[PDB]
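Colleague: My questions all concern the structure below.
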Amino acid sequence: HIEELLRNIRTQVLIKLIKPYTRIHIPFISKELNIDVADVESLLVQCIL
Amino acid sequence: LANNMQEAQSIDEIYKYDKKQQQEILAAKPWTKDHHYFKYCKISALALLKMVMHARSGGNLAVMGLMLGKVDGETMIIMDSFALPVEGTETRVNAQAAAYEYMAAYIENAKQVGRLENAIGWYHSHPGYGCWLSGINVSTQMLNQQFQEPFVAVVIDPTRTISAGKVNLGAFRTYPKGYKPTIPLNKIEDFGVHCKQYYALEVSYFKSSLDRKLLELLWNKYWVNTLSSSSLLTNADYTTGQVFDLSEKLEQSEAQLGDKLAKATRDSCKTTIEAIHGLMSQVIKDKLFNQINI
Amino acid sequence: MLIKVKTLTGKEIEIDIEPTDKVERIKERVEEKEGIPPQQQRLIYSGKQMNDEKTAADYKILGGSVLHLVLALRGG
Amino acid sequence: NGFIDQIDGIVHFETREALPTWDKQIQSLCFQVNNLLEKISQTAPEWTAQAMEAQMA
């Protein structure tokens, strides 16, 4: 069940981080979340879907 | 105040009482034929003001009283309202002994002066308890309607009215025994468990020519709120809702056609006239203010 | 006897009862004329509601008396 | 209150909507007119009384 974790916390951090922005760089999000760009893109796609 | 008429206007015949017509309409009794007969209740400005003042003056307790008037065609006219010496708790009112003597004496005294109208209904105030007919109001309204047929139950909420700034007056009439006949459920919820037993009425208000003439000079500082009216902005939700109901009415009329078109046309004309009036006010403001020193 | 009973809305009722007769007699006269239940009726003369316990033998009714009939009302 | 546009590096705090500003400025103009009239009446009561009497007729 550690895979279900380390993903809900990342999702919550991303939601609380992208709240005040309107057009935000993806590399900035990757730097904030300490993950590579591909994981950020996949997480964003899953969240939007 | 000039360049118009100053004699008996077209809004004063509503205040005129014709005894012969009332006697004929009382003898005719057209209400018993179609039970969905009355649909409109026209209340004078004085009656509404007195009702609101009496309901608010009672505080957190409940108060009750009568209201005079008459009935014409499909409408019930309520002209005056006089209170009653009732002592009610926070929930229920009784009107045990002194209320009926007061009713009889006040009606006789009013007839002495010249008040030619008869009693047309009763009202009772819910102190912050919404606007609906309770299981006791339904029973007493049925009692009154069984014998004194021209009647109507008016419910007023003083606390909610004073807190929200809008009067809450509801006119209701009870069906007889055995008369069965994302959308919000408030249509059933805001009424009691007897929602199927009584039906509401369309409430409108009217005033006399002298009433409007005297109320025109009531106060001379609302002109600022008229010049900076900001119309078409404070009632956009009202116009969108009206457009939605108009579309529903148009669909119903189209289904029927394949007389309902008349009310749909009336609603569309009313909404369009309101929008055009707002645009006219905006154009007047633009001509007045922004067209200077160009 | 043509005693008049008037409701506040304008209805008229004519009853026939001798003065010595009880107020229960008036009650059942209006019962068999209209049908309003006995416990849901109030009658007024001269601005004062009469009590059921007073026989109209010593009463200020000498003919031409009009009785104002009302129905008990309550609210919640 | 406000949002952030990162590529332009611009924080938007708030922005007006034109017409509400128009109504607010009209209200301020009316208030200024009323205050000026009140001050005029206060400084020269007899002159303003005579002027209003002449204007009424």
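Per the header: electron microscopy, 3.4 Å.
Any Cβ shown, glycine's included, is placed from N, Cα and C.
Pasting the feature list from Swiss-Prot:
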MOD_RES   C:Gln40  (Microbial infection) Deamidated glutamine
MOD_RES   C:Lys48  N6-acetyllysine
SITE      C:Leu8  site 'Interaction with UBE1C'
SITE      C:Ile44  site 'Interaction with UBE1C'
Colleague: What count of other C-beta atoms do you get within 10 angstroms of the C-beta of C:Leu8 (site 'Interaction with UBE1C'), across all chains shown?
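Modeller: Its Cβ shell of radius 10 Å holds 20 other Cβ atoms.
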Colleague: Who sits close to C:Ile44 (site 'Interaction with UBE1C'): which same-chain residues at least 6 apart have their Cβ under 8 Å from its Cβ?
Modeller: C:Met50, C:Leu67, C:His68, C:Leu69, C:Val70
Colleague: Which recorded positions among C:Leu8, C:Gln40, C:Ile44, C:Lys48 have a Cβ sitting under 8 Å from any chain D Cβ?
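Modeller: Nothing passes the 8 Å Cβ test.
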Colleague: Compute the C-alpha separation of the residue listed as 'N6-acetyllysine' from C:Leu8 (site 'Interaction with UBE1C'), stating it in Å without decimals.
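Modeller: About 16 Å separates the two Cα atoms.
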Colleague: Through the lens of DSSP with three states only, how would you label C:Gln40 ((Microbial infection) Deamidated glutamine)?
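Modeller: Its secondary structure by DSSP: helix.
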Colleague: If I take the alpha carbons of C:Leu8 (site 'Interaction with UBE1C') and the residue listed as '(Microbial infection) Deamidated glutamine', what is the distance between them in whole Å?
Modeller: 15
